[PDB]
Structures are given as C-alpha cells and as structure tokens.
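K.L.:
Handing you this structure, nothing more for now.
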Amino acid sequence: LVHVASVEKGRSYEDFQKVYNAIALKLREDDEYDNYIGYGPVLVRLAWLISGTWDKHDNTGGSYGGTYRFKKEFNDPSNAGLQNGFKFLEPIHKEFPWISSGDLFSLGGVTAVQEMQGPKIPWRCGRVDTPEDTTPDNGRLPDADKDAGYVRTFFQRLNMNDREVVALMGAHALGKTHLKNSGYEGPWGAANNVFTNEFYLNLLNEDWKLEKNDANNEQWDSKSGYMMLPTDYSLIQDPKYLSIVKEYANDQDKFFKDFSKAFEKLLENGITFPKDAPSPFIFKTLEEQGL
Ligand code: HEM
C-alpha cells in the first residue's frame, strides 16, 4: 500500500493553527478531567495508539486513515479509555469539519505536548480518511507485562531503534494508569501534566518494589506513591536502554530533541509526502500568541 499525503483542499498553515488553538483553548478550559490532570495526557496517548498499529511490512495501519473512527479499532481492548480523548475532540471536528480524522487525532497529541510545556513537534497535514475496511485488526498494540526483548522486538515493527524507544517512553511522565482501563493503577511521577524528564529520574532514583495490584498484575511500586510497568522497568534491566535512561535523566534538552524527532516519525510512519508537499508546520502555543 502506498499512502500519499494529500493536503486538505485549499487549507494553509493559518488554517491548522486555528485547529491547534481550539484544541488548546479547550485543554485549558476542561481542566477538571481525571482529578485535575486535564486531557493532555490522554490526547498524547490517543496519538500514539492510532499511530502504533502500523506495520512496516505491508504498510497497513499507522495514522493515515483515521481508522480509529471505526468500531473495530475503537473497541480495541488496548485502547480502553481513549474514548475520552475522542469525545474531547468531536466538538473540535464539528467546528472544523474539513480536517481529516487522522490529521486531527495526531494534531491533538502535538498540541497536548506543546501546551504542557514540552518541545515543539513539527507536524504535517495530509492524512486521508480511508474506508472502514482498511481498519487494522486488534492486537497490534503492545502488552505491558513484558520485558526489554519484547519491547525492542515490538518497536522494530514501527521502525524505531533503541534511542527512539527510550525517548518515546519518557512520555510516561504524563498521566497515569487506570485500573478499569488497563489493569494497572497509579501515576509515574508527580508533575503529571507538565512535560519533563521526570520519568527517567524516577526510574533511576526511586526504591521500587514489585507487587501485584488489585487487578492481579504485577507492577513496580515506589514509596513515593508512583508506579512503573514491567515494560517501563525493563528500561533499566537492559544495558543498552539503561545508558539512554541515564542520558535523559541527565539532560532534559537532549531528551526533548530526541522525543520531538521520534514523536514526529512515529506519527508520520506509513505516509508518503510528495516533493511538492508543504514543509512541516511548527505551531505557536497559545502563550506565544498572547491568547
Ligand atoms: C511498550 C510500550 C507501551 C506500553 C506497554 C504502554 C502501556 C500503557 C498503559 C497500560 C497505559 C495506561 C492506560 C490507562 O489505564 O489509562 C499507558 C498510558 C499512557 N501511555 Fe503508554 N504505553 C506504551 C508506550 C507509550 C508511548 C510510545 C507513548 C507516547 C509517546 C505513551 C503514552 C502514554 C500516556 C501519555 C499515557 C497516560 C494516559 C492517561 O493518563 O490517560 N505510552 N501506557
């Protein structure tokens, strides 16, 4: 399959900036969500999950098609709890009905990160809604109860190497797990709605205890009240991963640059951008525009 990016007819940068500003104003207003964490986290998770079904082998899945809109994908057990990000974007879509779904789902992740003080993520428009039959089957998203090998292997399918995997995982600094959703419970740190290298620090500085939770699954618990999934923990069990965790724990900048590149790639996987395609856009935050 070849998925060529096709710009929404007659729209430009300014048009996308407006979609971004709307998502952003809504993030600021609906701040009570999940006990005051806000929807930032959940949006970031939404953008990763619609992008993560990609398969470098036959080019199926990935962000392009906005397949998450279909029942099959929408009811994926691994996407439990994403319905909240969806419901949050709906009114935005209603306001800007010419944007494709894939472009919207992905733009929300960028918006969330940038408004939560993370780095600027260049983003590209062009995703095109595809038919319900292009919807990927469930089971392509990762399990959390595994080790570093499973992780390396899994990631490979999305074309990401070690450095990319570690950078992307630092997104775990945001939000938290929910028993009802994933069988895991608790946040990964304290500033759960601000984008920082906290994840790396917690992983290296806390005194973690393995324990089983109320869903009868194992998780690493810290006395600070934080948690880490086996997959996150695996980052300090693997020597190659561990040196990267260290690097990030030590340099937020680095982490920010690496995350930015990785995140964009992840969201662009499976998409072909013609040479005439516009450059990636860099949106201003609400703050940069004085709004
Ligand atoms: C092996 C890789 C991954 C696994 C196994 C994993 C698994 C999980 C699980 C089990 C949840 C908690 C869901 C809940 O109960 O609500 C979670 C939440 C989250 N995921 Fe990951 N995840 C992975 C990779 C990623 C990546 C690459 C990103 C983005 C770069 C992502 C961003 C997050 C965010 C931001 C949250 C919090 C959502 C919220 O607070 O509602 N994670 N992840």
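Chain labels run A, B, ... following the order of the structure tokens; each chain numbers its residues from 1, and ligands are numbered from 1 in the order shown.
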As a compact mmCIF listing (two decimals) with N, CA and C atoms, in the first residue's frame, please: every protein or nucleic acid residue near ligand 1 (cut-off 7 Å, counting only C-alpha atoms and all ligand atoms).
P.N.:
# COMPACT_ATOMS: atom_id res chain seq x y z
N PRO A 41 -2.65 14.42 28.73
CA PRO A 41 -2.13 13.08 28.71
C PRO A 41 -2.84 12.14 27.82
N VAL A 42 -4.12 12.12 28.05
CA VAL A 42 -4.95 11.23 27.27
C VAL A 42 -4.85 11.45 25.74
N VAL A 44 -2.19 12.67 24.20
CA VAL A 44 -0.89 12.16 23.80
C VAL A 44 -1.05 10.64 23.62
N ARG A 45 -1.67 9.98 24.57
CA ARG A 45 -1.85 8.55 24.43
C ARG A 45 -2.69 8.26 23.20
N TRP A 48 -0.55 8.26 20.04
CA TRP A 48 0.39 7.19 19.97
C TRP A 48 -0.36 5.95 19.58
N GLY A 81 -10.29 3.48 27.33
CA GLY A 81 -10.06 4.79 27.94
C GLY A 81 -9.75 5.93 26.97
N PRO A 142 1.17 -2.96 21.93
CA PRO A 142 1.90 -3.73 22.96
C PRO A 142 1.31 -4.02 24.33
N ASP A 143 1.74 -5.14 24.87
CA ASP A 143 1.34 -5.56 26.19
C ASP A 143 2.24 -4.89 27.19
N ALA A 144 1.80 -4.68 28.44
CA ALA A 144 2.72 -4.02 29.35
C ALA A 144 3.49 -4.95 30.29
N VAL A 151 9.95 -5.53 24.10
CA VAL A 151 9.92 -4.11 23.71
C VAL A 151 10.73 -3.74 22.48
N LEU A 168 10.67 7.95 23.30
CA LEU A 168 9.24 7.94 23.31
C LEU A 168 8.64 7.51 24.62
N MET A 169 9.31 6.58 25.30
CA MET A 169 8.74 6.10 26.54
C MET A 169 8.70 7.19 27.61
N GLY A 170 9.55 8.20 27.47
CA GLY A 170 9.51 9.24 28.50
C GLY A 170 8.22 10.01 28.55
N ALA A 171 7.30 9.64 27.66
CA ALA A 171 6.01 10.28 27.63
C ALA A 171 5.20 9.80 28.82
N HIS A 172 5.71 8.75 29.47
CA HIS A 172 5.12 8.14 30.65
C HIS A 172 5.19 9.11 31.83
N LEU A 174 3.71 11.69 31.74
CA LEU A 174 2.36 12.23 31.77
C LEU A 174 1.21 11.32 32.16
N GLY A 175 0.17 11.84 32.85
CA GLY A 175 -0.97 10.97 33.14
C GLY A 175 -0.77 9.86 34.15
N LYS A 176 -1.46 8.72 33.95
CA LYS A 176 -1.30 7.67 34.88
C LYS A 176 -2.03 6.49 34.36
N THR A 177 -1.90 5.35 35.05
CA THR A 177 -2.62 4.16 34.64
C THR A 177 -3.89 4.17 35.45
N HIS A 178 -4.89 3.50 34.88
CA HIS A 178 -6.22 3.34 35.45
C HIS A 178 -6.66 1.91 35.49
N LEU A 179 -6.84 1.45 36.71
CA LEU A 179 -7.27 0.07 36.87
C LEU A 179 -8.32 -0.44 35.94
N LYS A 180 -9.40 0.32 35.81
CA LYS A 180 -10.52 -0.01 34.96
C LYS A 180 -10.12 -0.07 33.51
N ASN A 181 -9.18 0.80 33.15
CA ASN A 181 -8.77 0.77 31.75
C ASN A 181 -7.79 -0.33 31.39
N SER A 182 -6.64 -0.35 32.06
CA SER A 182 -5.61 -1.30 31.73
C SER A 182 -5.22 -2.34 32.75
N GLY A 183 -5.88 -2.36 33.87
CA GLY A 183 -5.45 -3.36 34.82
C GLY A 183 -4.22 -2.87 35.57
N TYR A 184 -3.87 -1.59 35.49
CA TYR A 184 -2.74 -1.04 36.22
C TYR A 184 -3.23 0.22 36.89
N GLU A 185 -2.61 0.55 38.03
CA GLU A 185 -3.07 1.75 38.70
C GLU A 185 -2.02 2.64 39.28
N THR A 231 7.16 -3.15 31.41
CA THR A 231 7.83 -2.60 30.24
C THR A 231 8.61 -1.34 30.59
N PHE A 263 8.76 11.39 18.05
CA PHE A 263 7.32 11.52 18.04
C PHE A 263 6.82 11.83 16.61
K.L.:
If you run DSSP on this backbone, which residues of stretch 95-238 of chain A come out as alpha helix (DSSP H), and could you give them as number ranges by chain?
P.N.:
A: 95, 101-115, 148-156, 162-169, 179-182, 198-205, 230-237
K.L.:
At what distance in Å, to one decimal, does atom CA of residue A:286 lie from atom CA of residue A:24?
P.N.:
6.9 Å
K.L.:
Per DSSP on the backbone, filter stretch 5-221 of chain A down to the residues in strand (DSSP E) and report them as a list in words.
P.N.:
residues 176, 177, 186, 187, 208, 209, 210, 211, 212, 218, 219, 220 and 221 of chain A
K.L.:
Go ahead and write the selection's residues with N, CA and C atoms as a short mmCIF file (atom, residue, chain, number, x, y, z; two decimals), in the first residue's frame.
P.N.:
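In the end it all went to out.cif:
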data_model
loop_
_atom_site.label_atom_id
_atom_site.label_comp_id
_atom_site.auth_asym_id
_atom_site.auth_seq_id
_atom_site.Cartn_x
_atom_site.Cartn_y
_atom_site.Cartn_z
N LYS A 176 -1.46 8.72 33.95
CA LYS A 176 -1.30 7.67 34.88
C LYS A 176 -2.03 6.49 34.36
N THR A 177 -1.90 5.35 35.05
CA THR A 177 -2.62 4.16 34.64
C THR A 177 -3.89 4.17 35.45
N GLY A 186 -2.13 3.96 39.05
CA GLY A 186 -1.16 4.88 39.61
C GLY A 186 -0.40 5.68 38.58
N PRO A 187 0.10 6.82 39.00
CA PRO A 187 0.87 7.69 38.10
C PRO A 187 2.35 7.31 38.13
N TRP A 208 12.00 1.00 44.13
CA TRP A 208 10.87 0.25 43.61
C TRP A 208 10.63 -1.14 44.15
N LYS A 209 9.40 -1.45 44.45
CA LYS A 209 9.08 -2.75 44.93
C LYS A 209 8.09 -3.44 44.01
N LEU A 210 8.41 -4.69 43.68
CA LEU A 210 7.48 -5.39 42.84
C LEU A 210 6.33 -5.86 43.66
N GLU A 211 5.15 -5.68 43.13
CA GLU A 211 3.99 -6.13 43.85
C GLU A 211 2.90 -6.37 42.84
N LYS A 212 1.90 -7.11 43.26
CA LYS A 212 0.80 -7.37 42.35
C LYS A 212 -0.29 -6.39 42.70
N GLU A 218 1.31 -7.64 38.00
CA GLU A 218 2.47 -7.07 38.62
C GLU A 218 2.85 -5.73 38.13
N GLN A 219 3.26 -4.94 39.09
CA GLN A 219 3.76 -3.61 38.85
C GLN A 219 4.78 -3.28 39.95
N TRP A 220 5.66 -2.35 39.63
CA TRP A 220 6.70 -1.83 40.47
C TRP A 220 6.12 -0.56 41.06
N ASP A 221 6.14 -0.59 42.38
CA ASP A 221 5.67 0.45 43.27
C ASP A 221 6.74 1.12 44.08
#
K.L.:
Pull the closest atom pair for each residue of stretch 14-77 of chain A that gets at most 7 Å from stretch 126-136 of chain A, along with the distance in Å to one decimal, counting only C-alpha atoms, ordering rows by chain and then ascending residue number, as CSV.
P.N.:
residue,atom,partner,partner_atom,distance
A:61,CA,A:136,CA,5.6
A:64,CA,A:127,CA,4.7
A:65,CA,A:129,CA,4.6
A:66,CA,A:129,CA,5.5
A:67,CA,A:135,CA,5.2
A:70,CA,A:132,CA,6.2
A:73,CA,A:135,CA,6.7
K.L.:
Got a sec: who's within 8 Å of residue A:234, counting only C-alpha atoms, leaving out chain neighbours fewer than 2 positions off, as a list in words?
P.N.:
residues 146, 147, 148, 230, 231, 232, 236, 237 and 238 of chain A
K.L.:
Take the residues from that selection and write them out as a short mmCIF file (atom, residue, chain, number, x, y, z; two decimals), in the first residue's frame, keeping N, CA, C and O atoms.
P.N.:
data_model
loop_
_atom_site.label_atom_id
_atom_site.label_comp_id
_atom_site.auth_asym_id
_atom_site.auth_seq_id
_atom_site.Cartn_x
_atom_site.Cartn_y
_atom_site.Cartn_z
N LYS A 146 5.75 -7.25 29.88
CA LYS A 146 6.84 -8.00 29.27
C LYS A 146 8.14 -7.33 29.56
O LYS A 146 8.22 -6.37 30.31
N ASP A 147 9.14 -7.87 28.90
CA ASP A 147 10.49 -7.36 29.13
C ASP A 147 11.05 -6.58 27.96
O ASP A 147 10.37 -6.41 26.95
N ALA A 148 12.29 -6.15 28.16
CA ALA A 148 13.06 -5.35 27.22
C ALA A 148 13.15 -5.99 25.85
O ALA A 148 13.20 -5.26 24.89
N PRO A 230 6.10 -3.21 33.99
CA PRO A 230 7.21 -4.09 33.67
C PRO A 230 7.93 -3.56 32.44
O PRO A 230 9.16 -3.49 32.45
N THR A 231 7.16 -3.15 31.41
CA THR A 231 7.83 -2.60 30.24
C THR A 231 8.61 -1.34 30.59
O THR A 231 9.64 -1.03 30.01
N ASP A 232 8.14 -0.53 31.53
CA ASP A 232 8.97 0.64 31.75
C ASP A 232 10.22 0.21 32.50
O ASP A 232 11.31 0.70 32.24
N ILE A 236 15.54 -0.38 32.67
CA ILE A 236 16.77 -0.28 33.43
C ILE A 236 17.39 -1.64 33.55
O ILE A 236 18.46 -1.74 34.08
N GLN A 237 16.70 -2.68 33.06
CA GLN A 237 17.21 -4.02 33.08
C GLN A 237 18.14 -4.25 31.88
O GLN A 237 19.12 -4.96 31.96
N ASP A 238 17.84 -3.65 30.75
CA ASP A 238 18.64 -3.75 29.54
C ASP A 238 19.72 -2.68 29.60
O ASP A 238 19.49 -1.49 29.81
#
K.L.:
If we count only C-alpha atoms and set the cut-off at 9 Å, which residues sit around residue A:63, ignoring sequence neighbours fewer than 4 positions away in its own chain? Please answer as a list in words.
P.N.:
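Residues near the query, excluding close chain neighbours: residues 47, 48, 49, 50, 51, 52, 53, 54, 67, 68, 102, 103, 105, 106, 127, 266, 267, 268, 269, 270 and 271 of chain A.
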K.L.:
Give me the residues near residue A:289 as number ranges by chain, where near means some atom within 12 Å (using only C-alpha atoms) and where sequence neighbours in that chain fewer than 5 positions away do not count.
P.N.:
A: 17-18, 20-21, 24, 283-284
K.L.:
Export, as a PDB file, in the first residue's frame, the selected residues with N, CA and C atoms.
P.N.:
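So the final result, stored in out.pdb, reads:
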ATOM      1  N   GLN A  17      -3.293  26.267  12.343  1.00  0.00           N
ATOM      2  CA  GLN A  17      -3.062  26.993  13.602  1.00  0.00           C
ATOM      3  C   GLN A  17      -4.343  27.188  14.378  1.00  0.00           C
ATOM      4  N   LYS A  18      -5.403  27.474  13.645  1.00  0.00           N
ATOM      5  CA  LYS A  18      -6.699  27.645  14.256  1.00  0.00           C
ATOM      6  C   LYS A  18      -7.202  26.340  14.825  1.00  0.00           C
ATOM      7  N   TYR A  20      -5.391  23.954  16.108  1.00  0.00           N
ATOM      8  CA  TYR A  20      -4.460  23.833  17.237  1.00  0.00           C
ATOM      9  C   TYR A  20      -4.939  24.758  18.337  1.00  0.00           C
ATOM     10  N   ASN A  21      -5.123  26.033  18.055  1.00  0.00           N
ATOM     11  CA  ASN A  21      -5.582  26.960  19.088  1.00  0.00           C
ATOM     12  C   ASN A  21      -6.880  26.491  19.713  1.00  0.00           C
ATOM     13  N   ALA A  24      -6.210  23.656  22.071  1.00  0.00           N
ATOM     14  CA  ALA A  24      -5.510  24.265  23.157  1.00  0.00           C
ATOM     15  C   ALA A  24      -6.403  25.043  24.110  1.00  0.00           C
ATOM     16  N   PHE A 283       3.603  24.936  15.063  1.00  0.00           N
ATOM     17  CA  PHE A 283       2.574  25.821  15.616  1.00  0.00           C
ATOM     18  C   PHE A 283       2.950  26.587  16.839  1.00  0.00           C
ATOM     19  N   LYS A 284       2.403  27.790  16.973  1.00  0.00           N
ATOM     20  CA  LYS A 284       2.732  28.575  18.158  1.00  0.00           C
ATOM     21  C   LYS A 284       1.849  28.153  19.278  1.00  0.00           C
TER      22      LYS A 284
END
K.L.:
Can you measure atom CA of residue A:159 to atom CA of residue A:260 for me? One decimal in Å is fine.
P.N.:
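Atom CA of residue A:159 sits 15.9 Å away from atom CA of residue A:260.
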